[PDB]
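S.K.: To start, I am sharing the structure in question, which I have written as structure tokens.
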Amino acid sequence: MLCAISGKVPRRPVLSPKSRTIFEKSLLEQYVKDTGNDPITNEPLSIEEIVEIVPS
Amino acid sequence: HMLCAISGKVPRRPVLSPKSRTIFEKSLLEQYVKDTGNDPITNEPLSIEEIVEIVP
């Protein structure tokens, strides 16, 4: 449950439904805004498709 | 410190419900869904196949 990029427990955890992987929200959104793709699989991914995770 | 919404413990095999956008232990959410047909937080219909298994 670490961010796939930062390697840390996310402050704001989200999941990409394409890679089924956890990210820090802003780090995933940076990739999505810049490329329109999931950074692990290169599949298309929109901001609206990201699943924000409700904290415990 | 993402904990299962049922056990309150760090899941060994975390999964996400797309309805509640909430993390659970895989076995616990699967059992809840087998019993009720629903997401435990929102009470909406949920199938086992909709559960997102998170990639380690």
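The chains in the structure tokens are called A, B, ... from first to last as shown; in each chain the residues are counted from 1, and the ligands are counted from 1 in the order shown.
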Report the residues of chain B whose backbone DSSP state falls under helix (DSSP H, G or I), written as a PyMOL selection string.

M.R.: chain B and resi 26-36+48-50

S.K.: Got time to write the residues from that selection, N, CA and C atoms, as a PDB file, in the first residue's frame?

M.R.:
```
ATOM      1  N   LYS B  26      -9.150  -8.732   1.669  1.00  0.00           N
ATOM      2  CA  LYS B  26      -9.810  -9.478   0.606  1.00  0.00           C
ATOM      3  C   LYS B  26     -10.835 -10.494   1.122  1.00  0.00           C
ATOM      4  N   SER B  27     -10.428 -11.351   2.049  1.00  0.00           N
ATOM      5  CA  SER B  27     -11.311 -12.432   2.519  1.00  0.00           C
ATOM      6  C   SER B  27     -12.556 -11.881   3.222  1.00  0.00           C
ATOM      7  N   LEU B  28     -12.401 -10.782   3.951  1.00  0.00           N
ATOM      8  CA  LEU B  28     -13.525 -10.191   4.678  1.00  0.00           C
ATOM      9  C   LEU B  28     -14.551  -9.555   3.742  1.00  0.00           C
ATOM     10  N   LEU B  29     -14.116  -8.782   2.754  1.00  0.00           N
ATOM     11  CA  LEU B  29     -15.067  -8.177   1.839  1.00  0.00           C
ATOM     12  C   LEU B  29     -15.733  -9.256   0.999  1.00  0.00           C
ATOM     13  N   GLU B  30     -14.980 -10.254   0.583  1.00  0.00           N
ATOM     14  CA  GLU B  30     -15.547 -11.332  -0.216  1.00  0.00           C
ATOM     15  C   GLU B  30     -16.619 -12.066   0.559  1.00  0.00           C
ATOM     16  N   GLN B  31     -16.358 -12.347   1.828  1.00  0.00           N
ATOM     17  CA  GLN B  31     -17.370 -12.999   2.663  1.00  0.00           C
ATOM     18  C   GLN B  31     -18.595 -12.129   2.899  1.00  0.00           C
ATOM     19  N   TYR B  32     -18.398 -10.843   3.117  1.00  0.00           N
ATOM     20  CA  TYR B  32     -19.508  -9.920   3.301  1.00  0.00           C
ATOM     21  C   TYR B  32     -20.389  -9.900   2.055  1.00  0.00           C
ATOM     22  N   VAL B  33     -19.753  -9.858   0.893  1.00  0.00           N
ATOM     23  CA  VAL B  33     -20.476  -9.810  -0.375  1.00  0.00           C
ATOM     24  C   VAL B  33     -21.208 -11.131  -0.636  1.00  0.00           C
ATOM     25  N   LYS B  34     -20.574 -12.260  -0.349  1.00  0.00           N
ATOM     26  CA  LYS B  34     -21.266 -13.563  -0.486  1.00  0.00           C
ATOM     27  C   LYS B  34     -22.549 -13.602   0.340  1.00  0.00           C
ATOM     28  N   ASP B  35     -22.491 -13.052   1.548  1.00  0.00           N
ATOM     29  CA  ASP B  35     -23.620 -13.103   2.473  1.00  0.00           C
ATOM     30  C   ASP B  35     -24.760 -12.160   2.080  1.00  0.00           C
ATOM     31  N   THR B  36     -24.424 -10.925   1.720  1.00  0.00           N
ATOM     32  CA  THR B  36     -25.419  -9.861   1.604  1.00  0.00           C
ATOM     33  C   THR B  36     -25.688  -9.388   0.176  1.00  0.00           C
ATOM     34  N   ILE B  48     -18.632  -9.873  -6.478  1.00  0.00           N
ATOM     35  CA  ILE B  48     -17.258 -10.224  -6.132  1.00  0.00           C
ATOM     36  C   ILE B  48     -16.335  -9.752  -7.237  1.00  0.00           C
ATOM     37  N   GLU B  49     -16.795  -9.841  -8.481  1.00  0.00           N
ATOM     38  CA  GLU B  49     -15.928  -9.535  -9.610  1.00  0.00           C
ATOM     39  C   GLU B  49     -15.621  -8.034  -9.742  1.00  0.00           C
ATOM     40  N   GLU B  50     -16.442  -7.187  -9.134  1.00  0.00           N
ATOM     41  CA  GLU B  50     -16.189  -5.745  -9.113  1.00  0.00           C
ATOM     42  C   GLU B  50     -15.122  -5.310  -8.141  1.00  0.00           C
TER      43      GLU B  50
END
```

S.K.: Skipping near chain neighbours, those fewer than 4 positions away, what residues fall within 9 Å of residue 46 in chain B using only C-alpha atoms, listed as JSON, numbers by chain?

M.R.: {"B": [17, 18, 19, 33, 36, 37, 38, 39, 50, 51]}

S.K.: So which residues touch range 5-15 of chain A within 9 Å, counting only C-alpha atoms, skipping near sequence neighbours fewer than 2 positions away, as a VMD selection string?

M.R.: (chain A and resid 1 to 3 17 to 28 50 to 55) or (chain B and resid 1 to 2 16 54)

S.K.: Distance limit 8 Å, atoms considered: only C-alpha atoms. Which chain B residues sit that close to chain A? Return them as a VMD selection string.

M.R.: chain B and resid 1 to 5 14 18 20 to 23 52 to 56

S.K.: Convert the current residue selection to file output with C-alpha atoms, as a short mmCIF file (atom, residue, chain, number, x, y, z; two decimals), in the first residue's frame.

M.R.:
```
data_model
loop_
_atom_site.label_atom_id
_atom_site.label_comp_id
_atom_site.auth_asym_id
_atom_site.auth_seq_id
_atom_site.Cartn_x
_atom_site.Cartn_y
_atom_site.Cartn_z
CA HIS B 1 -2.06 3.46 8.04
CA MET B 2 -4.64 2.38 5.45
CA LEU B 3 -6.60 -0.17 7.50
CA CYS B 4 -9.39 -2.58 6.59
CA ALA B 5 -12.76 -0.94 7.27
CA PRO B 14 -5.83 -5.39 0.28
CA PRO B 18 -15.55 0.81 -6.12
CA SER B 20 -17.44 2.82 -0.93
CA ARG B 21 -13.95 3.56 -2.36
CA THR B 22 -12.75 1.86 0.80
CA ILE B 23 -9.95 -0.62 1.58
CA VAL B 52 -10.45 -4.37 -7.20
CA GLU B 53 -7.53 -6.54 -6.09
CA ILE B 54 -4.60 -4.20 -5.46
CA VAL B 55 -1.26 -5.15 -6.97
CA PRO B 56 1.43 -5.30 -4.25
#
```

S.K.: Measure the distance from CA of residue 41 in chain A to CA of residue 12 in chain B in Å and round it to one decimal.

M.R.: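 Taking CA of residue 41 in chain A and CA of residue 12 in chain B, their separation equals 24.1 Å.
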